[PDB]
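Q:
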Amino acid sequence: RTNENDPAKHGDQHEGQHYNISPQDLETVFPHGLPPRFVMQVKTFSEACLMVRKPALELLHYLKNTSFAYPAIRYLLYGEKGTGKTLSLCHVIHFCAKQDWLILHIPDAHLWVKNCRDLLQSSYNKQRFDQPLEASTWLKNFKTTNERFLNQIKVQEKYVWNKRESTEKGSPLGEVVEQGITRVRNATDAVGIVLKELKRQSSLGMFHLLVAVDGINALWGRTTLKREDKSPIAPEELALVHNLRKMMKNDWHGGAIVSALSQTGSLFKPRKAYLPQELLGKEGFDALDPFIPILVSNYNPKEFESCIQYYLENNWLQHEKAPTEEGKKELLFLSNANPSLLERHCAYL
Amino acid sequence: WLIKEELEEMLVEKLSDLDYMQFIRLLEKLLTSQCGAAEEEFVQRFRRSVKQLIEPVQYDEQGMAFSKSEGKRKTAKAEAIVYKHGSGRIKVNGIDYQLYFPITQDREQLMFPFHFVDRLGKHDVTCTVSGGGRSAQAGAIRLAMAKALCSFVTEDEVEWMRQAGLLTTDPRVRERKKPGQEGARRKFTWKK
Ligand SMILES: Nc1ncnc2c1ncn2[C@@H]1O[C@H](COP(=O)(O)OP(=O)(O)OP(=O)(O)O)[C@@H](O)[C@H]1O
Ligand SMILES: Nc1nc2c(ncn2[C@@H]2O[C@H](COP(=O)(O)OP(=O)(O)O)[C@@H](O)[C@H]2O)c(=O)[nH]1
Ligand SMILES: [Mg+2]
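Going down the list, the sequences are from chains X and G. Mapping of the first sequence onto the entry's author numbering: residues 50 to 398, in sequence order. Mapping of the second sequence onto the entry's author numbering: residues 199 to 248, 254 to 395, in sequence order.
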């Protein structure tokens with residue numbers, strides 16, 4: 050528990066201590082992408098405290114020392130399942146939002162490669178498929194996250210939607226976002242336009258971009274979406290995945306491509322696969338190369354004690370034996386200090 | 199007291215259950231009646247006489268002490284090496300225990316040996332287990348860990364573990380199916 054709530058000042062001195070997020074910040078920065086269980090925990094406790102951990106701190110150091118002139122660097126959070134990669138990415142996202150970046154947040158790329166009821170064909174490229182529902186969902190979330198920059202940022206092209214409808218150069222990007230959201234059929238095209246405009250304009254210093262992609266491994270993997278003829282679909286055919294891959298290239302500058310691997314929800318991957326190559330494959334690793342891998346490991350004893358104290362103070366651990374040292378040791382063993390395992394255990398304990 | 203067959207062999211004669219019972223009652227009365235040495239000499243002619256084995260502690264090439272043990276459960280066999288001083292880390296088949304046994308039940312089974320003698324976080328463990336399912340493997344590792352930890356716990360602790368059942372090999376194994384019946388005990392639905 051820290052009196053430090055600004056996401057920039059805290060450092061190693063605050064490592065192992067909590068960091069609070071206000072309700073307004075939670076609503077604006079994080080309308081999506083937070084782990085479902087952490088969302089439930091926030092709902093229950095009425096508070097959103099994230100422990101400051103070495104991975105998040107190191108990523109913050111890198112983003113503070115980032116030279117916007119250099120080509121945008123790729124950071125890749127990897128680690129055993131439930132090590133907190135997603136929440137570390139969220140912590141860095143909050144830090145960037147407070148530093149007033151433009152947060153292009155992909156809550157989970159896995160959702161975009163599986164279980165799609167509505168899979169239409171792209172009008173802009175007949176060889177690509179649309180995912181209008183997910184496109185619209187992400188567009189709404191992105192609008193909520195970046196409303197303030199949305200009006201200020203302008204488009205620099207002519208974007209036809211229908212044979213008669215289009216958006217004209219100089220129109221605010223909010224026009225594109227509204228078109229995509231209200232008109233679901235155009236959600237994929239709107240997402241592509243948004244990505245392209247942000248990528249081009251970030252090199253023009255109009256703002257500092259943060260492409261924060263959770264479950265990045267999905268883009269260069271396989272998909273469980275089958276064509277009308279029951280034909281398997283590769284990721285590139287999906288315009289969303291194609292545009293996101295384009296964004297994932299360091300060719301541009303003025304921002305950082307932060308991403309997190311996430312075996313959970315992955316497709317055709319063994320349970321224990323957690324290393325970057327194991328989770329990405331040849332294509333994905335080559336595409337992301339060069340990149341900075343950051344290891345997120347289970348709680349060290351100090352962090353584990355801090356989290357246990359947090360739960361105790363919130364009164365979450367109701368079991369009469371939880372406060373005892375024996376109970377603490379039993380939790381430590383049964384969770385091997387793993388964040389997700391400890392949270393799940395304490396849920397019913 | 200010797201058995202009726204032993205008495206029969208002594209007497210090269212055939213006896214009866216009640217004969218043996220009467221003789222034993224008489225011998226009991228003799229014993230209780232402050233039988234002296236001149237009597238105990240005779241009495242003893244009819245008297246017939248009637254703890255966990257701690258494994259040795261070895262030392263690795265680096266000199267750290269450890270104990271090795273083995274344990275079988277159903278069709279799973281586990282070999283466990285427990286170090287004298289450790290931080291509680293457990294590596295099963297080269298995989299950390301929380302990743303090998305994603306089931307809270309199995310992790311509880313792994314905890315039970317160490318937790319009982321209150322040594323959690325004190326010993327590191329390396330297990331190699333093969334055969335059987337997840338639960339059988341967890342049980343086998345539990346047995347092997349308990350047997351190894353016996354060497355590093357005191358004698359009272361060892362006896363307490365035995366009385367707690369940590370050290371006894373579960374003899375329950377799958378019963379063979381019998382011909383003419385559905386399962387080991389399930390019989391075909393009778394048709395009156
Ligand atoms: N800094 C933190 N503050 C609060 N809770 C945290 C923190 N880090 C991790 N957690 C807890 O752990 C979970 C978040 O970790 P997360 O799910 O992001 O891990 P991961 O290593 O990315 O796992 P996965 O294999 O699912 O990708 C939540 O249950 C949350 O309660
Ligand atoms: N409909 C439409 N989509 C556009 C337009 N400009 C960009 N897009 C979006 O971005 C894609 C085109 O991006 P572009 O840089 O031309 O690369 P391409 O996708 O490889 O052709 C389209 O498929 C849309 O998703 C435009 O003028 N009209
Ligand atoms: Mg996660």
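For every residue, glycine included, the Cβ atom is placed at its ideal position computed from N, Cα and C.
1. I need the boundaries of the beta strand (DSSP E) containing G:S354, first residue and last residue.
2. Touching or not, the region 276–283 of chain X and the region 87–102 of chain X, by the rule of three or more beta carbon pairs under 8 angstroms?
3. Can you tell me whether DSSP reads X:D74 as helix, strand or coil?
4. Within 7 angstroms of any Cβ in chain G, is that where the Cβ of X:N385 sits?
5. Assuming X:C145 and X:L112 make a contact with CB atoms under 8 angstroms, what is their CB distance in whole Å?
6. At a CB-CB cut-off below 7 angstroms, which residues of chain X make contact with G:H318?
7. Evaluate G:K380 with the Cβ neighbour count: other Cβ atoms within 10 Å of its Cβ, from every protein chain shown; 16 or more gives buried, anything less gives exposed.
8. By the criterion of Cβ-Cβ separation under 8 angstroms, what are the contact partners of G:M314 in chain X?
9. Taking the DSSP output, what are the residues bridged to X:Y208?
10. Measuring straight from C-alpha to C-alpha, what distance separates X:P84 and X:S389?
11. What residue does the beta strand (DSSP E) around X:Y68 start on, and which one ends it?
12. According to a CB-to-CB cut-off of less than 9 angstroms, which residues of the region 170–196 of chain X neighbour chain G?
13. Start and end of the alpha helix (DSSP H) containing G:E226?
14. So, are the CB atoms of G:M267 and G:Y286 less than 7 angstroms apart?
15. When you compare each of G:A235, G:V328, G:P316, G:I298 to G:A367 by their alpha carbons, which one comes out closest?
16. Using a C-beta cutoff of 7 angstroms, does G:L323 count as contacting chain X?
17. Closest by CA to G:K254, which one among G:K350, G:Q301, G:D373?
18. By the criterion of Cβ-Cβ separation under 8 angstroms, what are the contact partners of X:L390 in chain G?
19. Determine the closest residue to G:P374 out of G:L346, G:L225, G:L200, with distance taken between C-alpha atoms.
20. Apart from the five residues on each side of it in sequence, which residues of its chain come closer than 8 angstroms, Cβ to Cβ, to X:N385?
21. Using the beta-carbon count (16 or more within 10 Å), is X:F317 buried or exposed?
22. At the 7 angstroms Cβ level, is G:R310 part of the contact set with chain X, yes or no?
23. Considering only residues of the same chain and omitting the five flanking positions on each side of X:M255, which have a CB-CB separation below 7 angstroms?
24. For the region 122–136 of chain X, which residues have a CB atom closer than 9 angstroms to at least one CB atom of chain G, in sequence order?
25. Note down the Cα distance separating X:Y208 from X:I242, rounded to an integer number of angstroms.
26. What residues in the region 313–335 of chain X bring their beta carbon closer than 8 angstroms to a beta carbon of chain G?
27. Report buried or exposed for X:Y124, applying the criterion of at least 16 other Cβ atoms within 10 angstroms of its Cβ.
28. Can you give me the Cβ contacts of X:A158 inside the same chain, cut-off strictly under 8 angstroms, excluding the 5 residues immediately before and after it?
29. As a quick exercise: from G:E273, G:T371, G:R322, pick the residue whose alpha carbon is nearest that of X:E375.
30. With a 10 Å radius around its C-beta and 16 neighbouring C-beta atoms as the bar for buried, classify G:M348 as buried or exposed.
31. Between which two residues does the beta strand (DSSP E) holding residue 184 of chain G run?
32. Along the chain, where does the alpha helix (DSSP H) that runs through X:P284 open and close?
33. Taking 6 angstroms as the cut-off, is the C-beta of X:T135 nearer than that to any heavy atom in ligand 3?
34. So which residues of chain X does G:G334 contact, with C-beta pairs closer than 7 angstroms?
35. Given X:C165, which residues of its chain have a CB within under 6 angstroms of its CB, disregarding the five upstream and five downstream residues?
A: Put simply:
1. Taken as a continuous stretch (DSSP letters only), G:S354 belongs to no beta strand (DSSP E), being part of the alpha helix (DSSP H) at 337–355.
2. no
3. helix
4. yes
5. 7 angstroms
6. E379
7. exposed
8. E379, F382, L383
9. X:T216
10. 10 angstroms
11. 67–69
12. none
13. 215–230
14. yes
15. G:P316
16. yes
17. G:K350
18. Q301
19. G:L346
20. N347
21. exposed
22. yes
23. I202
24. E129, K130
25. 8 angstroms
26. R320, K321
27. buried
28. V262, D263, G264, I265, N266, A267, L268, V290, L293
29. G:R322
30. buried
31. Residue 184 of chain G is absent from the structure shown; chain G starts at 199 and stops at 395.
32. No alpha helix (DSSP H) holds X:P284; DSSP gives it neither H nor E.
33. yes
34. Result: empty, since nearest Cβ-Cβ is about 20 angstroms, beyond 7 angstroms.
35. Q180, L274
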